[PDB]
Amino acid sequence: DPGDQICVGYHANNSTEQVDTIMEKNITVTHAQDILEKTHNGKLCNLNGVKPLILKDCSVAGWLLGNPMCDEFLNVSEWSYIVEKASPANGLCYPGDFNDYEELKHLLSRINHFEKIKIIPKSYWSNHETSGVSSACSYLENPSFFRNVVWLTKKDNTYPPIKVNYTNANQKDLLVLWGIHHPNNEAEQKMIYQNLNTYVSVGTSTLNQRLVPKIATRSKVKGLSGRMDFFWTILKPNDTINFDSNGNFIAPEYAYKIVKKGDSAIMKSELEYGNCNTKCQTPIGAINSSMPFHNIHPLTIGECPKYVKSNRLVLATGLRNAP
């Protein structure tokens, strides 16, 4: 005859959750914890207290040199990170090359605080014209130039030798930019600079540069065949930058004071501002998440989950849930 019983058994519920195993997939389980974050707001947000520099259709070169199509940015001074398009349209309006550009962009990705200062006022050029201007560097269909650098030309019919210095009074590093113009022929050279064999020399404690115009025939870019090559350096505190020139000099009017260095980044993205906040940003959107992982995009900034290429990461917690 039947007696009292005790049994041993285990938990079950109405749970659809599956996890994976090396030996078996799609195991219906009791409880499971998903550890992969697979959603983003799709927006370029502020990073903590601070807003990004969104360059829109300008490039770093366009912004720093002052392409007239980029006047929006003449007075930025503090950001969290920089956003720049894949192929911005407004960089060097006057066709040329920017020397050590990537090294400068990299240097820039360690900086979050500029203060643009006036290093050599146009008032200085008492024996040179400062009105150098081009149709490629044109604003409202009316020939203009880079806002931060000045195209010196002959005054009357002379170009007296230039010798100007600037000392870094401040206690911050200083980013100075200059340039040289490469004319098309000896004629054009004489028309702008009078002098026929020219140089631009820049000297600091570390720099020792001698530039010389290169007259050659080139294809037309923005209708021009001339060229303009730009260069940069970091002027340390209590050091002096020394320009000497007898022509073709594109002089610095503004320099940038480096007030705060921080961890930053230049992101390639086609998105606009998002007017929103985050603790973790990617080029395709921001992340609000506690997950230990995410799979949205490798290039992140801020305190983020770890990126993996997985489309699914879920840990079993409970036990096999029998039907």
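Position 1 is the first residue in the sequence shown; the rest follow in order.
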query: Which of 141-149 and 102-110 has higher mean CA B factor, as the PDB entry lists it; finding: 141-149
query: Mean temperature factor over C-alpha atoms, higher-scoring stretch between 10-18 and 308-316; finding: 10-18
query: Among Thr233, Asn75, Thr206, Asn248 - the residue whose C-alpha B-factor is largest in the record; finding: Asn75
query: Highest-ranked of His31, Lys268, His297, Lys38 once sorted by CA temperature factor in the record; finding: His31
query: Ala187, C-alpha B-factor rank within chain (lowest, middle or highest third); finding: middle
query: Modelled-residue ranking by C-alpha temperature factor, third containing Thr278; finding: middle
query: Within-chain third of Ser290 by Cα B-factor, per the entry; finding: highest
query: Assigned third (lowest, middle, highest) for the C-alpha B factor of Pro160; finding: lowest
query: CA B-factor ranking of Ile27, expressed as a third of its chain; finding: highest
